[PDB]
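Data from data16.cif: mmCIF, C-alpha atoms and all ligand atoms
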```
data_my_file
loop_
_atom_site.label_atom_id
_atom_site.label_comp_id
_atom_site.auth_asym_id
_atom_site.auth_seq_id
_atom_site.Cartn_x
_atom_site.Cartn_y
_atom_site.Cartn_z
CA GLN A 2 23.93 23.32 -31.56
CA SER A 3 21.69 25.76 -29.55
CA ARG A 4 21.56 26.93 -25.86
CA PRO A 5 18.69 25.50 -23.71
CA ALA A 6 15.65 27.88 -23.36
CA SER A 7 15.98 28.39 -19.54
CA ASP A 8 14.61 31.79 -18.32
CA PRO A 9 17.37 34.49 -18.12
CA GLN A 10 16.43 35.15 -14.43
CA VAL A 11 17.05 31.41 -13.57
CA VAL A 12 20.52 31.84 -15.27
CA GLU A 13 21.28 34.96 -13.14
CA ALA A 14 20.11 33.14 -9.94
CA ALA A 15 22.27 30.06 -10.89
CA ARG A 16 25.27 32.46 -11.26
CA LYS A 17 24.77 33.69 -7.62
CA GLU A 18 24.48 30.00 -6.46
CA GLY A 19 27.68 29.08 -8.39
CA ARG A 20 27.42 25.37 -7.46
CA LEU A 21 25.46 22.23 -8.47
CA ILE A 22 25.35 18.95 -6.39
CA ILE A 23 24.20 15.88 -8.39
CA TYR A 24 23.41 12.42 -7.04
CA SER A 25 23.39 10.16 -10.13
CA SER A 26 23.45 6.44 -11.00
CA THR A 27 24.79 7.38 -14.50
CA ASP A 28 28.32 5.94 -14.66
CA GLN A 29 30.70 8.91 -14.85
CA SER A 30 32.38 7.26 -17.89
CA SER A 31 28.99 7.78 -19.75
CA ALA A 32 28.02 11.14 -18.09
CA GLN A 33 31.42 12.89 -18.58
CA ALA A 34 30.80 14.50 -22.01
CA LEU A 35 27.48 15.98 -20.72
CA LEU A 36 29.24 17.48 -17.64
CA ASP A 37 32.02 18.90 -19.97
CA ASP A 38 29.44 20.38 -22.46
CA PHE A 39 27.28 21.80 -19.58
CA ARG A 40 30.43 23.56 -18.19
CA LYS A 41 31.09 25.13 -21.69
CA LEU A 42 27.49 26.55 -21.57
CA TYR A 43 27.69 27.63 -17.89
CA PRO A 44 31.33 27.71 -16.74
CA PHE A 45 30.42 29.56 -13.48
CA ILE A 46 28.69 26.39 -12.10
CA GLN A 47 30.95 24.24 -9.90
CA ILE A 48 29.59 20.66 -10.36
CA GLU A 49 29.95 17.97 -7.67
CA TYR A 50 28.99 14.81 -9.57
CA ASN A 51 28.26 11.94 -7.10
CA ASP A 52 28.35 8.61 -9.05
CA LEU A 53 26.31 6.36 -6.66
CA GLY A 54 24.29 3.12 -6.67
CA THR A 55 20.49 3.48 -7.20
CA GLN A 56 19.50 2.27 -3.72
CA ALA A 57 22.36 4.34 -2.14
CA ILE A 58 20.91 7.52 -3.83
CA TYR A 59 17.43 6.94 -2.29
CA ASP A 60 18.74 5.98 1.26
CA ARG A 61 21.26 8.91 1.39
CA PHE A 62 18.77 11.49 0.07
CA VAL A 63 16.00 10.41 2.51
CA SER A 64 18.37 10.44 5.65
CA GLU A 65 19.96 13.81 4.72
CA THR A 66 16.46 15.28 4.17
CA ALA A 67 15.24 13.74 7.54
CA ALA A 68 18.32 15.29 9.30
CA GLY A 69 17.95 18.78 7.73
CA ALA A 70 21.43 18.13 6.16
CA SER A 71 22.99 19.42 2.93
CA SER A 72 21.80 17.05 0.19
CA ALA A 73 21.74 17.11 -3.61
CA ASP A 74 20.30 19.83 -5.85
CA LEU A 75 19.37 17.25 -8.51
CA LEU A 76 18.78 13.47 -8.47
CA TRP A 77 19.28 11.43 -11.74
CA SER A 78 18.64 7.70 -11.44
CA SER A 79 17.66 4.68 -13.56
CA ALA A 80 15.74 3.18 -10.52
CA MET A 81 12.45 4.65 -11.79
CA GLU A 82 10.23 3.43 -8.86
CA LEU A 83 12.53 5.11 -6.29
CA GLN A 84 12.67 8.42 -8.28
CA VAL A 85 8.86 8.51 -8.77
CA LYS A 86 8.33 7.62 -5.08
CA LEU A 87 10.46 10.63 -3.96
CA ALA A 88 8.95 13.02 -6.56
CA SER A 89 5.33 12.04 -5.57
CA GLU A 90 6.04 12.35 -1.77
CA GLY A 91 7.01 16.07 -1.40
CA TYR A 92 10.80 15.79 -2.13
CA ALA A 93 10.67 17.41 -5.63
CA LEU A 94 10.72 21.10 -6.62
CA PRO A 95 7.77 21.72 -8.99
CA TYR A 96 9.27 23.20 -12.20
CA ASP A 97 7.81 23.31 -15.70
CA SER A 98 10.92 22.80 -17.91
CA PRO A 99 10.69 25.05 -21.02
CA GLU A 100 12.61 22.20 -22.81
CA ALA A 101 9.89 19.55 -22.08
CA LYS A 102 6.90 21.14 -23.93
CA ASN A 103 6.60 18.10 -26.31
CA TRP A 104 7.30 15.43 -23.56
CA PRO A 105 4.39 12.93 -23.65
CA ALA A 106 2.41 12.60 -20.34
CA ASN A 107 3.98 9.14 -19.67
CA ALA A 108 7.53 10.66 -19.86
CA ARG A 109 6.91 13.18 -17.03
CA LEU A 110 5.32 13.27 -13.57
CA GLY A 111 3.54 16.59 -14.27
CA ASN A 112 6.13 19.27 -13.27
CA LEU A 113 7.74 17.16 -10.49
CA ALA A 114 10.09 14.80 -12.51
CA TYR A 115 11.16 14.02 -16.09
CA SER A 116 12.34 11.27 -18.43
CA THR A 117 15.88 12.08 -19.71
CA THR A 118 16.50 8.83 -21.70
CA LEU A 119 14.91 5.83 -23.48
CA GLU A 120 17.45 3.14 -22.60
CA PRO A 121 16.95 -0.43 -23.81
CA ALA A 122 17.69 -3.51 -21.69
CA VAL A 123 19.78 -5.54 -24.25
CA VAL A 124 21.82 -8.76 -24.53
CA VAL A 125 25.63 -8.46 -24.63
CA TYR A 126 27.95 -11.34 -25.53
CA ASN A 127 31.59 -12.24 -26.22
CA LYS A 128 32.03 -12.84 -30.00
CA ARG A 129 34.97 -15.23 -29.30
CA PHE A 130 32.46 -17.62 -27.57
CA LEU A 131 29.16 -16.77 -29.42
CA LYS A 132 28.96 -15.62 -33.08
CA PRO A 133 26.24 -13.02 -33.75
CA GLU A 134 24.27 -15.79 -35.61
CA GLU A 135 24.26 -17.99 -32.46
CA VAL A 136 22.74 -15.25 -30.22
CA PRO A 137 18.92 -15.50 -30.01
CA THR A 138 16.96 -12.21 -30.05
CA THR A 139 13.92 -13.62 -28.18
CA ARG A 140 13.34 -14.78 -24.57
CA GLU A 141 12.28 -18.27 -25.92
CA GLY A 142 15.46 -18.54 -28.03
CA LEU A 143 17.68 -17.44 -25.10
CA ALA A 144 15.92 -20.00 -22.83
CA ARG A 145 16.77 -22.74 -25.44
CA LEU A 146 20.48 -21.64 -25.67
CA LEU A 147 20.73 -21.72 -21.83
CA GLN A 148 19.70 -25.45 -21.87
CA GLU A 149 23.10 -26.20 -23.54
CA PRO A 150 25.55 -27.73 -20.98
CA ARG A 151 28.27 -25.48 -22.46
CA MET A 152 26.33 -22.35 -21.25
CA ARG A 153 26.33 -23.49 -17.58
CA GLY A 154 28.08 -20.75 -15.48
CA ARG A 155 28.35 -18.60 -18.66
CA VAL A 156 25.34 -16.27 -18.04
CA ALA A 157 25.07 -12.96 -16.11
CA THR A 158 21.93 -10.96 -15.31
CA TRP A 159 20.77 -8.54 -12.64
CA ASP A 160 20.34 -9.28 -8.95
CA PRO A 161 16.94 -7.58 -8.47
CA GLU A 162 17.44 -7.98 -4.66
CA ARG A 163 20.64 -5.87 -4.68
CA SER A 164 20.10 -3.38 -7.60
CA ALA A 165 16.97 -1.18 -7.43
CA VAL A 166 17.20 -0.73 -11.25
CA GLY A 167 17.86 -4.50 -11.71
CA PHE A 168 14.42 -4.83 -9.98
CA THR A 169 12.91 -2.10 -12.30
CA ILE A 170 14.10 -3.96 -15.43
CA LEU A 171 13.38 -7.62 -14.44
CA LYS A 172 10.02 -6.66 -12.85
CA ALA A 173 8.94 -4.81 -16.06
CA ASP A 174 10.10 -7.90 -18.09
CA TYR A 175 8.12 -10.23 -15.80
CA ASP A 176 4.99 -7.98 -16.03
CA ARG A 177 4.99 -7.60 -19.85
CA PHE A 178 6.50 -10.86 -21.30
CA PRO A 179 5.09 -14.33 -20.46
CA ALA A 180 8.27 -15.90 -22.02
CA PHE A 181 10.30 -14.25 -19.18
CA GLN A 182 9.21 -17.00 -16.72
CA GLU A 183 10.64 -19.70 -18.97
CA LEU A 184 13.83 -17.55 -19.37
CA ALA A 185 14.17 -17.14 -15.57
CA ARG A 186 13.98 -20.97 -15.18
CA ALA A 187 16.70 -21.24 -17.86
CA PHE A 188 18.84 -18.80 -15.73
CA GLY A 189 18.47 -21.41 -12.92
CA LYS A 190 19.42 -24.28 -15.27
CA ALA A 191 22.53 -22.28 -16.49
CA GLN A 192 23.39 -21.23 -12.84
CA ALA A 193 23.26 -17.56 -13.91
CA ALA A 194 25.51 -15.21 -11.85
CA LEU A 195 23.58 -12.13 -10.62
CA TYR A 196 25.30 -8.68 -10.65
CA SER A 197 24.27 -5.40 -9.03
CA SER A 198 26.15 -3.22 -11.59
CA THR A 199 26.47 -3.16 -15.38
CA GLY A 200 30.34 -2.85 -15.45
CA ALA A 201 30.68 -5.93 -13.16
CA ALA A 202 28.58 -8.08 -15.59
CA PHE A 203 30.35 -6.63 -18.66
CA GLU A 204 33.90 -7.42 -17.33
CA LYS A 205 32.92 -11.09 -16.80
CA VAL A 206 31.59 -11.16 -20.38
CA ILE A 207 34.76 -9.41 -21.71
CA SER A 208 37.04 -11.83 -19.75
CA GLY A 209 35.07 -14.86 -21.07
CA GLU A 210 34.11 -15.92 -17.49
CA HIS A 211 30.56 -15.45 -18.91
CA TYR A 212 29.61 -15.53 -22.64
CA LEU A 213 26.30 -13.54 -22.39
CA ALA A 214 24.64 -10.96 -20.06
CA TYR A 215 20.89 -10.25 -20.12
CA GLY A 216 19.10 -7.04 -19.25
CA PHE A 217 21.88 -4.38 -18.88
CA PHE A 218 21.83 -0.90 -20.46
CA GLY A 219 22.40 -0.52 -24.21
CA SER A 220 23.96 2.89 -23.40
CA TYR A 221 26.89 1.38 -21.48
CA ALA A 222 27.27 -1.53 -24.01
CA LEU A 223 27.62 0.99 -26.97
CA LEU A 224 30.36 3.01 -25.16
CA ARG A 225 32.22 -0.20 -24.07
CA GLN A 226 32.09 -1.50 -27.67
CA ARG A 227 34.31 1.42 -28.86
CA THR A 228 37.32 -0.09 -27.01
CA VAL A 229 36.28 -3.83 -26.98
CA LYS A 230 35.81 -5.39 -30.44
CA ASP A 231 34.63 -8.74 -29.03
CA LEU A 232 31.66 -7.16 -27.14
CA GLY A 233 28.47 -7.92 -29.15
CA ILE A 234 24.99 -6.34 -28.57
CA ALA A 235 21.72 -8.11 -29.43
CA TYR A 236 18.32 -6.30 -29.18
CA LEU A 237 15.23 -8.40 -28.23
CA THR A 238 12.79 -8.63 -31.23
CA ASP A 239 9.98 -10.23 -29.13
CA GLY A 240 9.94 -7.06 -26.96
CA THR A 241 12.42 -4.70 -25.35
CA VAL A 242 12.04 -3.11 -21.89
CA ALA A 243 13.30 0.52 -21.97
CA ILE A 244 13.95 2.47 -18.77
CA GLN A 245 13.59 6.30 -18.65
CA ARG A 246 16.33 7.70 -16.39
CA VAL A 247 14.35 10.13 -14.17
CA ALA A 248 15.66 13.53 -13.10
CA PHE A 249 14.06 15.79 -10.48
CA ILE A 250 15.19 18.83 -8.49
CA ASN A 251 15.40 18.61 -4.68
CA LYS A 252 12.61 20.78 -3.17
CA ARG A 253 15.22 21.68 -0.49
CA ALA A 254 18.09 22.27 -3.02
CA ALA A 255 20.59 24.96 -1.84
CA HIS A 256 21.08 25.57 -5.65
CA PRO A 257 17.58 25.19 -7.25
CA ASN A 258 18.36 27.48 -10.23
CA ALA A 259 21.60 25.62 -11.09
CA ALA A 260 19.53 22.39 -10.95
CA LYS A 261 16.89 23.94 -13.29
CA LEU A 262 19.72 24.81 -15.79
CA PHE A 263 21.06 21.21 -15.62
CA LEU A 264 17.61 19.59 -16.01
CA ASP A 265 16.81 21.96 -18.97
CA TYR A 266 20.20 21.06 -20.45
CA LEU A 267 19.49 17.24 -20.14
CA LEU A 268 16.06 17.71 -21.89
CA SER A 269 17.33 20.21 -24.58
CA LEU A 270 18.15 19.28 -28.22
CA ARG A 271 21.79 20.10 -27.37
CA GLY A 272 21.90 17.69 -24.39
CA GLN A 273 19.88 14.93 -26.10
CA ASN A 274 22.08 15.21 -29.23
CA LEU A 275 25.20 14.98 -27.05
CA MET A 276 23.67 11.83 -25.41
CA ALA A 277 22.94 10.19 -28.80
CA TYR A 278 26.20 11.10 -30.55
CA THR A 279 29.03 11.38 -27.89
CA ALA A 280 27.93 10.01 -24.45
CA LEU A 281 26.22 7.05 -26.32
CA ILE A 282 23.30 7.37 -23.86
CA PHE A 283 20.04 6.34 -25.61
CA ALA A 284 18.26 9.73 -25.92
CA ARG A 285 14.53 10.38 -25.15
CA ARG A 286 13.98 12.88 -28.05
CA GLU A 287 13.32 11.24 -31.48
CA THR A 288 14.92 14.25 -33.39
CA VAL A 289 18.54 13.35 -32.25
CA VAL A 290 21.38 12.13 -34.56
CA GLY A 291 23.93 9.51 -33.44
CA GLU A 292 24.21 5.79 -32.52
CA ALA A 293 22.18 5.93 -29.27
CA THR A 294 18.76 7.04 -30.58
CA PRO A 295 15.11 5.91 -30.43
CA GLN A 296 15.17 5.44 -34.25
CA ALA A 297 18.28 3.14 -33.97
CA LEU A 298 16.55 1.11 -31.20
CA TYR A 299 13.25 0.89 -33.20
CA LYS A 300 15.22 -0.23 -36.26
CA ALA A 301 17.08 -2.93 -34.18
CA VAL A 302 13.85 -4.39 -32.62
CA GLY A 303 11.59 -4.13 -35.74
CA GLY A 304 9.56 -0.99 -34.73
CA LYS A 305 8.47 1.28 -31.85
CA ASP A 306 5.60 -1.19 -31.08
CA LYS A 307 8.24 -3.70 -29.84
CA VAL A 308 9.56 -1.25 -27.15
CA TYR A 309 7.85 -1.20 -23.74
CA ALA A 310 8.89 2.22 -22.32
CA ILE A 311 8.33 2.05 -18.51
CA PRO A 312 6.24 5.23 -17.87
CA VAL A 313 7.32 8.02 -15.51
CA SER A 314 4.10 7.53 -13.50
CA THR A 315 2.97 6.74 -9.95
CA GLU A 316 1.37 3.59 -11.50
CA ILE A 317 4.83 1.91 -11.37
CA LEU A 318 4.71 2.36 -7.52
CA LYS A 319 2.61 -0.82 -7.70
CA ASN A 320 6.03 -2.57 -8.00
CA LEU A 321 6.92 -1.46 -4.44
CA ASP A 322 3.60 -2.79 -2.96
CA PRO A 323 4.58 -5.60 -0.52
CA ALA A 324 2.36 -8.36 -2.08
CA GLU A 325 3.45 -7.42 -5.65
CA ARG A 326 7.19 -7.40 -4.71
CA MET A 327 6.66 -10.73 -2.86
CA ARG A 328 5.00 -12.43 -5.94
CA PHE A 329 7.85 -11.37 -8.32
CA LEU A 330 10.80 -12.12 -5.93
CA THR A 331 9.26 -15.47 -4.74
CA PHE A 332 8.95 -16.49 -8.45
CA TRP A 333 12.48 -15.15 -9.23
CA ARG A 334 14.22 -16.82 -6.23
CA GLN A 335 12.59 -20.21 -7.05
CA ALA A 336 13.34 -19.95 -10.88
CA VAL A 337 17.02 -18.86 -10.57
CA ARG A 338 17.97 -21.35 -7.75
MG MG B 1 25.87 3.34 -12.51
#
```

Take the structure in this file and express it as structure tokens.
Ligand SMILES: [Mg+2]
Amino acid sequence: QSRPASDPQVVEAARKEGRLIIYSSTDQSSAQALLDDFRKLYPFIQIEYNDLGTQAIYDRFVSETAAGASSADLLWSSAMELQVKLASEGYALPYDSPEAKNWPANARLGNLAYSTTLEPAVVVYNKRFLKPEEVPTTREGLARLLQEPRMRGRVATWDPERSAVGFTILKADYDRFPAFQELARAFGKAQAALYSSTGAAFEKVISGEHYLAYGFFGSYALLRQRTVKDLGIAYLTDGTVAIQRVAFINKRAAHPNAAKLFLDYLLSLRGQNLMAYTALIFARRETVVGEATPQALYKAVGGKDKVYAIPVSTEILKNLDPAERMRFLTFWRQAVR
């Protein structure tokens, strides 16, 4: 492919920095090919990739900043509310990425933070327990399946009280899809187990302890499928929540220029193509080729109209308002117990 269009003076300043600290919720097993390809472009950048939980990224970054400590150069996290909160509160370096000129307004927070992905919340299942034909592709259908005695104890979904991105996804589902309330009651009926990481849910599904998991990232499911033939993916045809993994540069980065190079790389055709084709991370750009693409998602759900892309906007900070959080979690807690 190409090289990202970062200014040659940023490249020279990144070479004097020589180092890049990343705090990321992107599982290293998915991120690795992007780190490897970024090092081929810029081998003089020593990367410290910190694979961390979404809430752990926000708590660590805020304390280290409060203490005047060494923190990250770049934060990359699926917990969209916590990224937007930081980037709208003075923590972000303002930077107009020359790779984001065609980003729509709802995929960027001006010059403070950026969408890097369009990642669907999907259904995964174990083909030894559920044939593809048995797996409903709507919230109503899934709620009916979860009335079956045989499904009791055989469902996984997020714990929105322990995963900040589990909150992002289930809260967006709750806000947009009336059918979600009926589904959440069916989670209660089926005694759903609640997980705070995708791999923990997936291993239960792979072992057959659960037959089906709702709401986890299509990205991770596609990569896991390469080595697990019995892992099925179903896309919701009544409406799919998509998260946009948000990246921003630490205003107090020790290596701002190295962080600019990495952000430009993530947004570039080269980076987005590597996401779609090799990392199997569902890319933001619609001009990418591979399995993990907007066009493959749109085809699976029956069109772009059936995707609800959570915007990279301070409007989503509504979800952290105390009364709003209380309404959703009081509903959730009652439905699922
Ligand atoms: Mg992760």

Closest of A:241, A:107, A:296, A:226 to residue 175 in chain A - atom-to-atom distances counting only C-alpha atoms: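 So, comparing all the options, the nearest one is A:241.
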
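Distance check against residue 200 in chain A using all atoms listed in the file: of A:170, A:284, A:68, A:224, the minimum falls on A:224.
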
Surrounding residues of range 331-336 of chain A excluding itself and chain neighbours under 3 positions, 6 Å, all atoms listed in the file, as a list in words: residues 185, 186, 189, 327 and 328 of chain A

Counting only C-alpha atoms, figure out which residue out of A:303, A:219, A:295, A:272 gets nearest to residue 3 in chain A. A:272

Taking only C-alpha atoms and all ligand atoms into account, which residues are within 10 Å of ligand MG 1 (chain B), as a PyMOL selection string? chain A and resi 25-32+52-55+78-79+166+197-200+218+221

I'd like the neighbourhood of residue 85 in chain A as a PyMOL selection string, where a residue qualifies if any of its atoms comes within 10 Å (using all atoms listed in the file), though same-chain residues fewer than 4 positions away should be ignored. chain A and resi 80-81+89-90+93+109-110+113-115+247-249+313-318

Could you turn the residues from that selection into a file that holds C-alpha atoms, as a CSV table (one decimal), keeping the file's coordinate frame?
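As written to disk, part12.csv reads:
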```csv
chain,number,residue,atom,x,y,z
A,80,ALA,CA,15.7,3.2,-10.5
A,81,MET,CA,12.4,4.6,-11.8
A,89,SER,CA,5.3,12.0,-5.6
A,90,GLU,CA,6.0,12.4,-1.8
A,93,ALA,CA,10.7,17.4,-5.6
A,109,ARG,CA,6.9,13.2,-17.0
A,110,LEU,CA,5.3,13.3,-13.6
A,113,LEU,CA,7.7,17.2,-10.5
A,114,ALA,CA,10.1,14.8,-12.5
A,115,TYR,CA,11.2,14.0,-16.1
A,247,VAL,CA,14.4,10.1,-14.2
A,248,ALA,CA,15.7,13.5,-13.1
A,249,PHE,CA,14.1,15.8,-10.5
A,313,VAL,CA,7.3,8.0,-15.5
A,314,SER,CA,4.1,7.5,-13.5
A,315,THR,CA,3.0,6.7,-10.0
A,316,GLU,CA,1.4,3.6,-11.5
A,317,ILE,CA,4.8,1.9,-11.4
A,318,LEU,CA,4.7,2.4,-7.5
```

Gap from CA of residue 298 in chain A to CA of residue 171 in chain A - Å, one decimal: 19.2 Å

Only C-alpha atoms, as a PDB file, in the first residue's frame: that is what I want for range 90-153 of chain A.
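So selection37.pdb came out as:
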```pdb
ATOM      1  CA  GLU A  90     -12.100  17.921  29.326  1.00  0.00           C
ATOM      2  CA  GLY A  91      -8.583  19.209  28.381  1.00  0.00           C
ATOM      3  CA  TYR A  92      -6.697  15.835  28.273  1.00  0.00           C
ATOM      4  CA  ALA A  93      -6.357  15.667  24.432  1.00  0.00           C
ATOM      5  CA  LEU A  94      -3.743  17.236  22.138  1.00  0.00           C
ATOM      6  CA  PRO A  95      -5.595  19.139  19.367  1.00  0.00           C
ATOM      7  CA  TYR A  96      -4.317  17.705  16.047  1.00  0.00           C
ATOM      8  CA  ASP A  97      -5.938  17.797  12.612  1.00  0.00           C
ATOM      9  CA  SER A  98      -4.982  14.370  11.148  1.00  0.00           C
ATOM     10  CA  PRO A  99      -4.134  14.738   7.414  1.00  0.00           C
ATOM     11  CA  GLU A 100      -5.584  11.157   7.089  1.00  0.00           C
ATOM     12  CA  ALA A 101      -9.069  12.153   8.433  1.00  0.00           C
ATOM     13  CA  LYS A 102     -10.081  14.761   5.768  1.00  0.00           C
ATOM     14  CA  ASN A 103     -13.149  12.652   4.701  1.00  0.00           C
ATOM     15  CA  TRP A 104     -14.122  11.585   8.310  1.00  0.00           C
ATOM     16  CA  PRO A 105     -17.803  12.548   8.826  1.00  0.00           C
ATOM     17  CA  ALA A 106     -18.459  14.998  11.749  1.00  0.00           C
ATOM     18  CA  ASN A 107     -20.007  12.169  13.862  1.00  0.00           C
ATOM     19  CA  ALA A 108     -16.759  10.090  13.535  1.00  0.00           C
ATOM     20  CA  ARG A 109     -14.534  12.801  15.108  1.00  0.00           C
ATOM     21  CA  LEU A 110     -14.606  15.209  18.060  1.00  0.00           C
ATOM     22  CA  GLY A 111     -13.300  18.132  15.947  1.00  0.00           C
ATOM     23  CA  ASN A 112      -9.461  17.791  16.164  1.00  0.00           C
ATOM     24  CA  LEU A 113      -9.456  16.303  19.708  1.00  0.00           C
ATOM     25  CA  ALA A 114     -10.322  12.571  19.029  1.00  0.00           C
ATOM     26  CA  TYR A 115     -11.125  10.172  16.171  1.00  0.00           C
ATOM     27  CA  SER A 116     -13.072   7.062  15.200  1.00  0.00           C
ATOM     28  CA  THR A 117     -10.631   4.280  14.152  1.00  0.00           C
ATOM     29  CA  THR A 118     -13.214   1.450  13.630  1.00  0.00           C
ATOM     30  CA  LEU A 119     -16.880   0.580  12.926  1.00  0.00           C
ATOM     31  CA  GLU A 120     -17.203  -2.555  15.063  1.00  0.00           C
ATOM     32  CA  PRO A 121     -20.522  -4.412  15.238  1.00  0.00           C
ATOM     33  CA  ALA A 122     -21.933  -5.928  18.439  1.00  0.00           C
ATOM     34  CA  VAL A 123     -22.835  -9.451  17.105  1.00  0.00           C
ATOM     35  CA  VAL A 124     -24.144 -12.839  18.315  1.00  0.00           C
ATOM     36  CA  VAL A 125     -21.648 -15.733  18.569  1.00  0.00           C
ATOM     37  CA  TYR A 126     -22.677 -19.355  19.106  1.00  0.00           C
ATOM     38  CA  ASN A 127     -21.338 -22.929  19.258  1.00  0.00           C
ATOM     39  CA  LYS A 128     -22.420 -24.791  16.065  1.00  0.00           C
ATOM     40  CA  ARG A 129     -22.322 -28.142  17.963  1.00  0.00           C
ATOM     41  CA  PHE A 130     -25.253 -26.858  20.153  1.00  0.00           C
ATOM     42  CA  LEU A 131     -27.016 -24.390  17.729  1.00  0.00           C
ATOM     43  CA  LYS A 132     -27.119 -24.801  13.914  1.00  0.00           C
ATOM     44  CA  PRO A 133     -26.922 -21.508  11.990  1.00  0.00           C
ATOM     45  CA  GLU A 134     -30.655 -21.978  11.091  1.00  0.00           C
ATOM     46  CA  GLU A 135     -31.601 -22.116  14.812  1.00  0.00           C
ATOM     47  CA  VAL A 136     -29.891 -18.773  15.649  1.00  0.00           C
ATOM     48  CA  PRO A 137     -32.324 -15.813  15.477  1.00  0.00           C
ATOM     49  CA  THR A 138     -30.994 -12.563  13.957  1.00  0.00           C
ATOM     50  CA  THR A 139     -33.454 -10.293  15.842  1.00  0.00           C
ATOM     51  CA  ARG A 140     -33.841  -9.286  19.524  1.00  0.00           C
ATOM     52  CA  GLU A 141     -37.463 -10.699  19.475  1.00  0.00           C
ATOM     53  CA  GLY A 142     -36.258 -14.034  18.029  1.00  0.00           C
ATOM     54  CA  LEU A 143     -33.391 -14.282  20.561  1.00  0.00           C
ATOM     55  CA  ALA A 144     -35.876 -13.501  23.407  1.00  0.00           C
ATOM     56  CA  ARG A 145     -38.075 -16.438  22.152  1.00  0.00           C
ATOM     57  CA  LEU A 146     -35.059 -18.868  21.966  1.00  0.00           C
ATOM     58  CA  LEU A 147     -34.068 -17.885  25.550  1.00  0.00           C
ATOM     59  CA  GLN A 148     -37.547 -19.034  26.800  1.00  0.00           C
ATOM     60  CA  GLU A 149     -36.472 -22.644  25.963  1.00  0.00           C
ATOM     61  CA  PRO A 150     -35.570 -24.563  29.185  1.00  0.00           C
ATOM     62  CA  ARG A 151     -32.569 -26.012  27.307  1.00  0.00           C
ATOM     63  CA  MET A 152     -31.057 -22.457  26.996  1.00  0.00           C
ATOM     64  CA  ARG A 153     -31.060 -21.884  30.802  1.00  0.00           C
TER      65      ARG A 153
END
```
